[PDB]
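# Once you've seen the sequence and the experimental structure below, I've got questions.
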Amino acid sequence: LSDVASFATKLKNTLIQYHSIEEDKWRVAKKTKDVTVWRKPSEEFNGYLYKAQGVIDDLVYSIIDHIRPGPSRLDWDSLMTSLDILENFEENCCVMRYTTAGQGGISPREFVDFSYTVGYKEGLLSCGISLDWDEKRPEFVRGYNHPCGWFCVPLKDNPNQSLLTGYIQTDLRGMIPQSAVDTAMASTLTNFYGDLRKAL
């Protein structure tokens with residue numbers, strides 16, 4: 001990165017734009033009794049942007065501390081098998097690398113992502129996007145995260161709880177039926193909420 005501030009500002013604004021997309025652009029992909037996942041075509045690659053929403057029985061600052069790159073995230077997130085900080089820019093901005101266990105016959109991926117955590121209304125946004133990175137490790141497929149992130153705000157009807165909204169936009173690469181991508185993305189999102197709720 002040549003200009004970290006400009007990059008972070010563009011990423012944050014992209015996520016705020018996603019959070020403004022109207023409901024007729026979304027199609028339901030998976031619905032459980034306390035998480036919903038929607039999908040729409042991505043403007044960033046040949047695949048899809050996913051949105052997840054669900055309530056968390058905690059307040060915003062501790063939730064985002066659990067989600068942002070750090071030891072807590074690696075501990076409770078069952079799909080994540082490693083987490084490294086590659087470069088720090090500020091207290092709230094870094095480049096990190098994380099790896100995922102395989103699922104649905106898709107082999108382990110690694111992602112090298114810019115990460116940025118910032119205030120948003122009465123809550124917080126933790127957003128990310130993949131970056132170019134030289135360390136090529138044959139043990140992992142380098143997947144690519146297009147703009148993604150987590151909004152966490154007080155639940156409008158009960159602010160002792162929080163509303164957690166996620167956007168994920170991952171290119172897993174390789175030959176994978178979109179059905180298996182769909183299942184992986186929706187299962188990853190619902191297990192994310194499940195694991196986070198149990199961590200708190």
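That came through fine. Numbers count the residues shown, from 1 in each chain.

# Enumerate the positions of stretch 105-125 that are buried.
106, 109-118, 120, 123-125 (16 or more other CB atoms under 10 Å). C-beta here means a position set from N, CA and C on the backbone, and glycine is covered the same way.

# Okay, and which of those residues map to helices?
Using DSSP state H, no member of the buried residues of stretch 105-125 falls within helices.

# Can you pull the phi and psi angles for the spatially most central residue of the chain?
Residue closest to the average C-alpha location in the chain (CA atoms, centre = their mean): residue 149, at 4.5 Å. The phi/psi pair for residue 149 (degrees, to the nearest 10) reads phi 170, psi 180.

# out of the buried residues of stretch 105-125, who's nearest residue 73?
Among the buried residues of stretch 105-125, residue 115 lies closest to residue 73 (CB to CB), at 10.3 Å.

# Do you have the helices of the protein handy? List them.
So, for the chain - with DSSP H - the helices run 4-19, 60-67, 71-76, 178-199.

# so which of those gets nearest residue 102?
Closest approach to residue 102 among those (CB to CB): helix 178-199, 9.6 Å.

# For the closest one, buried residues please.
181-186, 188-190, 192-193, 195-197.

# coming back round to it: nearest to residue 55, of the buried residues of stretch 105-125?
Using CB to CB, those come closest to residue 55 at residue 123, 13.2 Å.

# OK, contacts around the closest residue to that closest one other than its chain neighbours?
Spatial nearest neighbour of residue 123, chain neighbours left out: residue 153 (3.5 Å); criterion: CB to CB, 6 or more residues apart in numbering. The neighbourhood of residue 153, defined by CB atoms under 8 Å, 6 or more residues apart in numbering, consists of 60, 120, 121, 122, 123, 124, 162, 163.

# for residue 67, same thing?
Counting by CB under 8 Å, 6+ apart, the residues that residue 67 touches are 73, 126, 150, 152, 196.

# Closest to residue 22 out of these?
Nearest to residue 22 out of the contacts of residue 67 is residue 150 (CB to CB; 20.5 Å).

# Am I right that residue 147 is in contact with residue 125?
No - Residue 147 is beyond contact range of residue 125, at 11.4 Å (criterion: CB atoms under 8 Å).
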